[PDB]
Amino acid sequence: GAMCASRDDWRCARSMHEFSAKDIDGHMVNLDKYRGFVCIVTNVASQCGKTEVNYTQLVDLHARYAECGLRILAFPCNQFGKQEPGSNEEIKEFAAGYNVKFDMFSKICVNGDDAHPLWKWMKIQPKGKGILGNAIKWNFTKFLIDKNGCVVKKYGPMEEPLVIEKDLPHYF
């Protein structure tokens, strides 16, 4: 199986819960807090052709299903056509404009050596493995995380968020 020299290597992680991430305000978030919750993890951007549909539908799913245990982690990323160039503060007010109430994080990379460790891990999960590379291909890729922090499904850049709604009852 997985073999790591350093005890805290992402390759040997077994759950999203073992990771931490800086939030859009600059404060470290222990993702073990999502133990017990069903999560959508997505890479977002403000100047993308699917920005409007993804944000409005994510807000809609979170508003309707948060009482059911649904949580959403949005990671801004500037790597896909450079369509997230603003600062964290400007991105945060952009999301405020959609009445986002889920969890925004600080801008990261999702591909490369400096990609956030959580995303390195998600990309190698059997239900999160890509096509000839594992690398995230565009803005608004989405991962469904079950209550145990495991990746159970992935939805492509051009699958609007509402197509996740039919899979959520399986994990509540």
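A residue's number is simply how far along the shown sequence it sits, counting from 1.
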* Structure fact -> Per the PDB entry, mean CA B-factor is higher for 107-115 or 129-137, namely for 129-137
* Structure fact -> Comparing mean C-alpha B factor in the record for 2-10 and 163-171, the higher one is 2-10
* Asked: Among 48, 31, 144, 28, where is the Cα temperature factor highest, going by the PDB entry?
  -> 48
* **Given 70, 59, 124, 41, the residue at which the Cα B factor reaches its maximum** => 124
* Using the B-factors in the PDB entry, rank residue 86's C-alpha atom against the chain and give the third, lowest, middle or highest. => highest
* To do: State the tercile, meaning the lowest, middle or highest third, of residue 96 with respect to the CA B-factors recorded for its chain.
  => highest
